[PDB]
Structure formats: C-alpha cells, structure tokens
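J.: Mind folding the following:
(one chain, ligands or ions: 3)
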Amino acid sequence: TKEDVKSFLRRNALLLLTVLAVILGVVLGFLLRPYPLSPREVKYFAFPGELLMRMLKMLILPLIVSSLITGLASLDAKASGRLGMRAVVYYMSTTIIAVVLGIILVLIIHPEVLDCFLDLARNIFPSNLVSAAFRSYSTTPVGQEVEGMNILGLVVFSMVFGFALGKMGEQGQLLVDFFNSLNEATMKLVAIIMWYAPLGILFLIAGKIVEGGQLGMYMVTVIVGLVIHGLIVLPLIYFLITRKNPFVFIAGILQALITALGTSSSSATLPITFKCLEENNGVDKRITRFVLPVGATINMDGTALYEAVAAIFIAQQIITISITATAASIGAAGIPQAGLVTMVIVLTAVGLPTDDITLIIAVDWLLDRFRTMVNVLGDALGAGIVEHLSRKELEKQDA
Ligand SMILES: COc1ccc([C@@H]2C(C#N)=C(N)OC3=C2C(=O)C[C@@H](c2cccc4ccccc24)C3)cc1
Ligand SMILES: N[C@@H](CC(=O)O)C(=O)O
Ligand code: NA
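T.: Numbers count the residues shown, from 1 in each chain. Ligands and ions are numbered 1, 2, ... in the order given. Have a look at this structure:
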C-alpha cells in the first residue's frame, strides 16, 4: 500500500510539481499580501508567471493553423462534416445543460450590442492574414483594430484552407506534409515549456491573490455550479456515451487543468491540453487537431453557467437569458476576463443596467480560474467522446 506510492511519486514528478506550485503559490501569495503592495512591484513579483504566459502565447499561433490545416486535409468531405456534426451537437448540448444548471441554482439560492455581433462577423472573415495573427477587430490601440490575435478568424480560414488541400489531392500533399512537420515541431516545444509550468503557475496565482458582502453567496452559486457540471454532469455524459472511466480520463488532462487555473486562458493552455490528450489519454491526433482548436473559443461550458448566474444575481425573461448566455458563451474568447466583457451583451438583452457589472469585477478573477477549468474539461472530454464516436471514419483513413 505505502510501497506502491513510491512508484506514483517517481512517475507523476511533473504532475505533482504543478500541484505543489498551487499549494506553495496560495501560501506565498497570502504570506506576501500584508506587505505594502504596488502595481509596478506586483508586476515585478508575478514576472516568472508572466514569462510562462508569453511562452504559451508564442505556441498558440503555429498550433491553431497547423492543427486545423492537417486535421481537415486528412479527412473526407462527408467525414469532416460527420466529425463536425458530432462536435457541434456536443458543444450545443453541454452549453445548454450548463445554463439550465446555472439558472436553476441561482433561482433556488438567490444572492453598441449590434456592434458586437458585427465585429464578430468581421472577425470570422479577416481582411489581412498577417494582421489576424496579432490583431482582432473592435469598432470605436490605433483605429478599429485592437492588439490581440484573431483566434476565430485563423480557425475559420485554416479550416477552409485545410479542406481545399484535402480537395486538390497530391498537389496539396506537399503543404499538408509541411504543416504536419510544423505541428509536431511546436508540440516538441510544448515539452520544453512544460518543465517551466510548475515555477510559472506558482507566481501566476501568488501574484493574483495579492490584490457589498452579498458577493460571497454569489461566488458560492458559481463555484458549486461548476463542480456539479464539471465533476458530475460532464463525466456522466462521457461514461454514458464512451462506456469508459471519466475520472481516469480527467487524470491525464489534470496537468492542463492546473495550468488553466493558473493562466485563466483556455486558448493559452491549448498546447498543454493537446499534449495531455495525445500523450496521457492517447486520443487520436486526427481528431484532437479537429476538436480542441474550435473547442477553445466556441465551447465554453463554465462561462455559459457564469453568464446565467451573474445576470440573474445582479437582478437583486429566463428564455432570453438562456438564449443570450449560450450566445455569450460562443462569442467570448478563451482569454482572461472575457466573460465580464460578454456580460454587457447578456444584460442588454434582458433589460438590466450594464453598469451593475462593477459589483462582480472584484470577485470575477477567482471564478475565471475555475470557469476556464470547466471550459477546458468540456473540450478534453469532448475530444474523448468524438474520437470514440468517429471510430468508423478513422478506421477508413488507415490504409
Ligand atoms: C462556429 O464555427 C465552427 C466551425 C467549425 C466547427 C466544426 C469543427 C469542430 N469542432 C471543426 N474542426 O471542423 C469543422 C466543423 C464543422 O462542423 C464543419 C466542417 C466542414 C465540413 C465539410 C466541409 C468544410 C469545409 C470548410 C470548412 C469546414 C467544413 C469542419 C464547429 C463550429
Ligand atoms: N477565462 C475563460 C474565458 C472567460 O473569461 O469566460 C477561458 O479562457 O476559458
Ligand atoms: Na467562448
């Protein structure tokens, strides 16, 4: 019994270091909290956590583009459509199951919007690809193009480009071979970036915990709702569909959930979720390159629940809330504080004052660290479900 735990410590070396990083980060952050805090000085303190974020952001661009180009090229017309339909149906249901779970819990325990739709439409079709790799569109930072990255515009273009090569046969093969080499090469860089994660995660959360009262019971509604949907609803869905153990599946992606908690960005933790599914859970690359990049921005289960709870909490009808909370879920990017920005849209539709968001902002960060964990988990189990379901398509692609 105790001799068997030594084989666990030798193997899970990096997984236990990121756990210890959280345990130490919560300690050090609370230890350095009574000291005279400063914006400039907190920025200096949280710098080892800042370098990890830069390393992971560096890899999101060559991952998104290479994954979707090879991923769609490697599949037939009806195959990618069937693969897509299995993913979309899953994405639509899980975000609807989350908002229904969110609305019921907030009802039981009660504690420029056109421009937004236009900007998103403008972002699905970028005017410049070199630009899209570091800028997004936000109508009104110079002009209407905000510094970021159009993750959605790249996902949409790379998809049609991957389809085009998968339609031009052997002429397309060269570029597919080129984009395949690049996908693996960056997946070798995420191996290097993985040994820095325990040091980074420690400082990312220690710095964040160095920063009327009714919000405590609002924070409870969200956190409880995330556990019911995350550790009870989603594992049940996987066990019902795949007929496989979900809590041993969650053990593989556990290294990525901790980094989602540390960074609070599902797009920035994508290179690690890719490594955790392809390696630890042994999910097919032909489907992880398909499910995960789209899952980063479109499937946001934890955000959808947070959009429903926070909208009804500031009321201190439901049909419009459930429709726009699922709408805000899809819209919002896998970036920190994204839910808070899309909350402006979910409050305008119902008729509540948008200035009421100011009450939430203070707590928001701590809920976002868990919101991302459920947003990531929904894609990991999503890929696990789609891989298992698309069994016949994958068997046809082999010889
Ligand atoms: C809100 O935006 C999205 C965009 C895509 C998707 C689906 C997805 C996932 N996950 C991925 N990786 O690829 C495809 C999907 C389709 O359903 C459509 C699918 C598809 C089928 C057949 C031909 C295509 C040609 C070009 C692009 C997609 C094509 C590809 C879902 C939501
Ligand atoms: N932080 C979340 C997005 C949000 O703010 O809801 C994510 O990246 O999954
Ligand atoms: Na989203």
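
J.: can you pull the contacts of residue 265?
T.: 53, 334-336, 372 (Cβ atoms under 8 Å, 6 or more residues apart in numbering). C-betas here are computed from N, CA, C, even on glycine.

J.: Residue numbers of the chain in contact with ligand 1?
T.: Within the chain, the positions near ligand 1 by Cβ under 6 Å from any ligand atom are 77, 80-81, 84, 87-88, 159-160, 163, 290-291, 294, 298.

J.: what separates whichever strand or helix holds residue 19 from the chain centre, distance-wise?
T.: Using DSSP states H and E, residue 19 sits in helix 13-32. Mean-position distance between helix 13-32 and its chain equals 22 Å (Cα atoms, centre = their mean, to the nearest Å).

J.: Can you show me the strands along the stretch 101-250 of the chain?
T.: 135-137, 145-147 (DSSP state E, counting those that start in this stretch).

J.: mind giving me CSV with the ones you listed and columns for distance to residue 347 and mean neighbour count?
T.: Formatted as CSV, these follow (distance: least, Cβ to Cβ, whole Å; neighbours: other Cβ atoms under 10 Å):
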stretch, distance to residue 347, mean neighbour count
strand 135-137, 22, 21
strand 145-147, 22, 15
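
J.: Dump those into a markdown table; add distance to residue 104 as well.
T.: Output for these, formatted as a markdown table (distance: least, Cβ to Cβ, whole Å):
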| stretch | distance to residue 104 |
| --- | --- |
| strand 135-137 | 35 |
| strand 145-147 | 36 |
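
J.: wait, which of those strands is closest to ligand 3?
T.: Nearest of those to ligand 3, taken as Cβ to the ion: strand 135-137 at 13.7 Å.

J.: who's in contact with that closest one?
T.: Under Cβ under 8 Å, 6+ apart, the answer for strand 135-137 is 119, 122-123, 126, 144-150, 153.

J.: Residue of this structure closest to ligand 3, please.
T.: residue 300 (3.5 Å).

J.: That residue is in contact with residue 95, isn't it?
T.: Yes. Counting by Cβ atoms under 8 Å, residue 300 touches residue 95, with 7.0 Å between them.

J.: which residue packs closest to the residue most central in space within the chain, ignoring adjacent ones?
T.: Against the mean C-alpha coordinate of the chain, by Cα atoms, centre = their mean, the closest residue is residue 266 at 2.6 Å. Nearest non-adjacent residue to residue 266, counting by Cβ to Cβ, 6 or more residues apart in numbering: residue 334, 3.5 Å away.

J.: Tell me how far that neighbour lies from ligand 1.
T.: Residue 334 sits at a distance of 14 Å from ligand 1 (criterion: Cβ to the nearest ligand atom, to the nearest Å).

J.: you'd agree that residue is in a helix?
T.: No. Residue 334 sits outside any helix when classified using DSSP: H, G, I helix; E, B strand; the rest coil, being coil.

J.: In contact with it, which residues are there?
T.: Per Cβ under 8 Å, 6+ apart, neighbours of residue 334: 151, 265-268, 270, 296-297, 300, 372, 375.

J.: Check which helices and strands the helix holding residue 19 sits against.
T.: helix 197-208, helix 254-263 (3 or more Cβ pairs under 8 Å, 6 or more residues apart in numbering; DSSP states H and E).

J.: closest one to residue 173 among the strands of the stretch 101-250 of the chain?
T.: Checking the strands of the stretch 101-250 of the chain against residue 173 by Cβ to Cβ gives strand 135-137 as the closest, at 32.0 Å.

J.: The closest one pairs with which strands, parallel or anti?
T.: If you go by DSSP bridges, strand 135-137 pairs up with strand 145-147 (antiparallel).

J.: Pull the distance from the strand it pairs with to the chain's centre.
T.: 21 Å.

J.: Show which residues not belonging to that strand make contact with it.
T.: Counting by Cβ under 8 Å, 6+ apart, 131, 134-138, 141 sit against strand 145-147.

J.: same check, this time on stretch 312-331
T.: 92, 95-96, 98-100, 102-103, 106-107, 110-111, 116, 120, 214, 218, 221, 298, 300-301, 303-304, 307-308, 311, 339, 342-343, 345-347, 349-350, 352, 356-357, 359-360.

J.: Could you dump the helices and strands packed on helix 13-32 into JSON lines and include mean neighbour count?
T.: Converted to JSON lines, those look like this (neighbours: other Cβ atoms under 10 Å):
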{"stretch": "helix 197-208", "mean neighbour count": "24"}
{"stretch": "helix 254-263", "mean neighbour count": "24"}
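
J.: Serialize the ones you listed to TSV and add fields for distance to residue 284.
T.: Supplementary listing: these in TSV, determined by distance: least, Cβ to Cβ, whole Å:
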stretch	distance to residue 284
helix 197-208	25
helix 254-263	17
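
J.: Quick one: neighbours of the closest residue to residue 378 other than its chain neighbours, just the number.
T.: Closest residue to residue 378 apart from its sequence neighbours, by Cβ to Cβ, 6+ apart: residue 301 at 4.1 Å. The number of residues packed near residue 301 is 31, by other Cβ atoms under 10 Å.
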